[PDB]
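*Asks:*
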Amino acid sequence: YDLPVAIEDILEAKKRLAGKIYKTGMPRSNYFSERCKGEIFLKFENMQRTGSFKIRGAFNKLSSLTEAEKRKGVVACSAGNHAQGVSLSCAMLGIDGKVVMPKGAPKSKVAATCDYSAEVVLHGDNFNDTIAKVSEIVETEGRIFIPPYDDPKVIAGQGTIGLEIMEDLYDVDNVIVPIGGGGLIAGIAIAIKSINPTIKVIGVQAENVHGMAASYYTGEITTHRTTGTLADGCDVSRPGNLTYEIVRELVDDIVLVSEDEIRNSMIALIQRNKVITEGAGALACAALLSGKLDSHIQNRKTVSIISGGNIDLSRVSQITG
Amino acid sequence: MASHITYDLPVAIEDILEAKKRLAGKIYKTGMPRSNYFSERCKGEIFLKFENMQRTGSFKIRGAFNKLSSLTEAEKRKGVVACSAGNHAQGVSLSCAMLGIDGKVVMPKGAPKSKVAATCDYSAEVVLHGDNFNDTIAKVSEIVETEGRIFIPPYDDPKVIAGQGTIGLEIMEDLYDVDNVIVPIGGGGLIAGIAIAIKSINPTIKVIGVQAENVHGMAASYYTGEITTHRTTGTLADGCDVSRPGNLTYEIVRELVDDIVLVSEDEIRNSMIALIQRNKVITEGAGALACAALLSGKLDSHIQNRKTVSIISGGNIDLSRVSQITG
Ligand code: NA
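From first to last, the protein sequence lines stand for chains B and A.
Once you know that position 211 of the first sequence is 215 in PDB author numbering, the rest is easy, because the numbers rise by one and skip nothing.
Once you know that position 138 of the second sequence is 136 in PDB author numbering, the rest is easy, because the numbers rise by one and skip nothing.
So, in structure tokens, the structure goes:
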């Protein structure tokens, strides 16, 4: 009955985002609709600022802070998209931001975050080293940590996508969503379920690593990870506390897609729809082509989220070659 | 403005309405989202019409389909013919498959294999012949006189123009308060169709054309008052590599098109880089033309604090070429 985020938080976020972050395209897809024997629409969060949706939740958090909180500075850790989302937000709001990264994060991602204003700190040869440094920085400098998903405002920001979907297409039947730590689907599901709960919200993760999926099937929080994935944005072994709480209550299903199916989805998106997607941005479309949603999607209206496009063209060519 | 176009120009709002009906449930409305990068850069609201995501990878399906569909069954049973190195070939070829029509497409012996493959995959017979358009166009008329196939012009035809104009109707539906529409010009079919649709509905909307500095037949004609050839050399916007505009298109353009601006190869390249890197959409050179004009500063007096639609006309370019043109 009681959840840690409500429609009001997403309506508050809408208002903080009003005139700053903007609605992305959601066109009917020719290729996917023919393939899937139903109407497939593609939500372009890859074309949101910074190249992923992460700006939304990050902008809501950072601007819902008090001046007393903004003076404290802020801090995060990421090798890609979250780093970029907080940085643009830190420039936009003029908040002093620092961002920790491992000592081998893509050079394209390492400059993109500096250009966006925030100070990059390269440190350690793994992800847990990054978190070790953040804890030290918060401890010593007194900066506000910006969670990539497990935060009510972050989730609220993300939810603004759900409003956009129903605003553009409110005879939508299905919404298909990628999951890492769980903020995108959490936000989206609250927005959708609060306004039209008969719209089915379906999650997607890689077979290689799916903490949230494992938690969703288990009934409590648990880890799952064997190896990495092409959907690197969703390489998250253990799902968030707030996010799992919401997903278990509101998400109608979570499906798993293989690496080959992620690749096939990337190929179709760039080749047959002309949109640049990274692996995590192709997860939802992977699930459509897999055949695992056919009974949900056939002769119905289905929205597939393109969560990000931060991938080097050479890597696209490698995968879609 | 509706009645003046009807009475005085060779294509009218009625033709566009006929086309919308023929395309109904076969060709669908492409997206038209606001662009973050271009709005920031232009200090105004920029919307991107994604004909690169239309069937075949460009808008040319609209005109080809409207034309082929408009034929009597007697005409359809004669079969059709066309020549193209890419986008028109694909449009004619798919339209032939959708309508059950017997098509024959002549392509130069040296077109990008991907385009040749795509035209084949559909339905039409691909006749590879000659190293240029003059060679391929020469082979077409032989086919016309020998086999009696109906020729499908790429732009200078009232059904083809009407077909393209359905784009104008979709812009009005999605964005009734649009101020500007920026449109690439090869032969002028796309902009002719859009100009008729837009101006017949709300004539206070500006329709502005774009061509490469390297080849701009329509621009030269426009500014000369006479059909005129222009070509210095080839362009990245190869889809608009047309040295002499159509007769019907020039007539329509010189009445309804507010201006035509020219953009350099650097500007075209910059626009492609922006569309792919900053907006995550694949565009071929011609599909980048309108966006090139916006970023060049050459439309600064029209777009600040306004609503402006940029036509992304096509996305038919090999990912390998996108890589070497871009970063
Ligand atoms: Na003029």
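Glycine residues also receive a C-beta, built at the ideal position from the N, C-alpha and C atoms.
1) Compare the C-alpha of A:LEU92 against each of A:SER121, A:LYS74, A:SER67 and name the closest.
2) Run through the DSSP bridge pairs and tell me what B:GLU123 is partnered with.
3) By Cβ distance, which residues of its chain are closer than 6 Å to B:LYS58, with the 5 residues on each side in sequence left out?
4) If we define contact as Cβ-Cβ less than 7 Å, is A:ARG32 a contact residue for chain B?
5) Does the beta carbon of A:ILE280 come closer than 7 Å to any beta carbon on chain B?
6) Are three or more beta carbon pairs between the region 37 to 45 of chain A and the region 69 to 80 of chain A nearer than 8 Å?
7) By Cβ distance below 7 Å, which residues in the same chain neighbour A:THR164 in space, the five residues on each side in sequence not counted?
8) Is DSSP giving A:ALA210 helix, strand or coil here?
9) Of the residues A:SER112, A:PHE63, A:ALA286, A:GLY232, which one's Cα is nearest the Cα of A:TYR26?
10) Can you tell me the Cβ-Cβ gap for B:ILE150 and B:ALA80, rounded? I've got them flagged as a contact below 8 Å.
11) Going by DSSP, which residues form a beta bridge with B:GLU43?
12) Could you check if B:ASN34 is buried or exposed, using at least 16 other CB atoms within 10 Å of its CB as the buried criterion?
13) Go to A:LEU260, then tell me how far its beta strand (DSSP E) extends in each direction, as first and last residue.
14) When the Cα atoms are used, what is the spatial distance from B:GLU171 to B:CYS289?
15) Find out if the Cβ-Cβ distance for the pair B:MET51, A:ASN268 is shorter than 7 Å.
16) Using the C-alpha atoms, what's the distance from A:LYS305 back to residue 2 of chain B?
17) If you draw a straight line from the C-alpha of B:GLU71 to the C-alpha of B:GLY98, how long is it?
18) If you draw a straight line from the alpha carbon of B:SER219 to that of B:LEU287, how long is it in whole angstroms?
19) Identify the contact partners of B:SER321 in chain A, using a Cβ-Cβ distance below 8 Å as the criterion.
20) Could you name the residues that DSSP lists as bridge partners for A:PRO182?
21) Strictly below 8 Å CB to CB, what residues from chain B border A:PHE48?
22) Pick out every residue whose C-beta is nearer than 6 Å to a heavy atom of ligand 1: which are they, in chain order?
23) Identify whether A:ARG53 lies in helix, strand or coil by the three-state DSSP scheme.
24) Within its chain, find whatever has a CB closer than 8 Å to the CB of B:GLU249; leave out the 5 residues flanking it on each side and keep chain order.
25) Measure the C-alpha to C-alpha separation of B:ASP236 and B:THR324 and round it to an integer number of angstroms.
26) With a threshold of 7 Å between beta carbons, is A:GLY313 in contact with chain B?
27) Rank A:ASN314, A:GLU253, A:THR281 by C-alpha distance to the C-alpha of A:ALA10 and give the top, closest one.
28) Within its chain, find whatever has a CB closer than 8 Å to the CB of A:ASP316; leave out the 5 residues flanking it on each side and keep chain order.
29) Looking only at C-alpha atoms, which of A:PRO31, A:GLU168, A:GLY101, A:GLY108 sits nearest to A:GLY146?
30) Apart from the five residues just before and just after B:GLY313, which ones in its own chain have a Cβ nearer than 8 Å to its Cβ?
31) Need the endpoints of the beta strand (DSSP E) that B:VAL9 sits in, please.
32) If you draw a straight line from the alpha carbon of A:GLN162 to that of B:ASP298, how long is it in whole angstroms?
33) Indicate the three-state DSSP secondary structure (helix, strand or coil) for B:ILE225 in the structure shown.
34) Considering just the uninterrupted stretch of the beta strand (DSSP E) at B:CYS81, what are its terminal residues?
35) State the DSSP-derived secondary structure class of B:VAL240, mapped to helix, strand or coil.
*Replies:* Quick answer:
1) The shortest C-alpha to C-alpha distance from A:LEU92 to any of A:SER121, A:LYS74, A:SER67 is the one to A:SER121.
2) According to DSSP, B:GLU123 bridges with B:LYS102.
3) Answer for B:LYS58: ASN85, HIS86, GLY89, listed in chain order.
4) Judged by the 7 Å Cβ criterion, A:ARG32 is in contact with chain B.
5) At least one chain B Cβ lies under 7 Å of A:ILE280.
6) Counting Cβ pairs under 8 Å, fewer than three are found: no touch.
7) The residues are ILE14, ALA17, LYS18, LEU21, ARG60.
8) It is a strand residue.
9) Measuring from the Cα of A:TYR26, the nearest candidate turns out to be A:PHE63.
10) Taking 8 Å as the upper bound for CB-CB distance, B:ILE150 and B:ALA80 are in contact here, some 4 Å apart.
11) Bridge partners of B:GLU43: B:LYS305.
12) Flag for B:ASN34 reads buried.
13) Start and end: 257 to 261.
14) Those two C-alpha atoms are separated by around 21 Å.
15) No, the Cβ-Cβ distance between B:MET51 and A:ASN268 is not below 7 Å.
16) Absent from the model: residue 2 of chain B. The displayed extent of chain B is 5 to 325, so no value can be given.
17) When the Cα atoms are used, B:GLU71 and B:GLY98 turn out to be separated by approximately 11 Å.
18) Near 19 Å, if we compare the C-alpha coordinates of B:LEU287 and B:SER219.
19) Below the 8 Å Cβ cutoff, chain A contributes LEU317, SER318, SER321 as neighbours of B:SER321, in chain order.
20) In the DSSP assignment, the residues bridged to A:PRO182 are A:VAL208.
21) Listed along the chain, the chain B residues whose CB falls inside 8 Å of the CB of A:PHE48 are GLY29, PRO31, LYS278.
22) Chain-ordered list of matching residues: A:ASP256, A:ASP257.
23) Three-state result, A:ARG53: helix.
24) Leaving aside the five residues that flank B:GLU249 on each side, the residues in its chain whose CB is nearer than 8 Å to its CB run, in chain order, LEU7, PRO8.
25) Separation of B:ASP236 and B:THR324 (C-alpha to C-alpha, rounded to the nearest whole angstrom) is 16 Å.
26) Yes, contact with chain B.
27) Among A:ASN314, A:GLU253, A:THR281, the Cα nearest to that of A:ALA10 belongs to A:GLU253.
28) The answer, listed in chain order, is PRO110, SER112.
29) Nearest in C-alpha terms to A:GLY146, of all of A:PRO31, A:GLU168, A:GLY101, A:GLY108, is A:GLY101.
30) The answer, listed in chain order, is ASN50, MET51, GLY55, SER56, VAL279, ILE280, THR281, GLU282, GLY285.
31) Taken as a continuous stretch (DSSP letters only), B:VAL9 belongs to no beta strand (DSSP E), as it is neither H nor E.
32) Rounded to the nearest angstrom, the two C-alpha atoms are 34 Å apart.
33) In the displayed model, B:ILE225 falls within coil according to three-state DSSP, outside both helix and strand.
34) Going by DSSP, B:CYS81 is part of the beta strand (DSSP E) stretching over 78 to 81.
35) Of the three classes helix, strand and coil, the one that applies to B:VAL240 here is coil, per DSSP.
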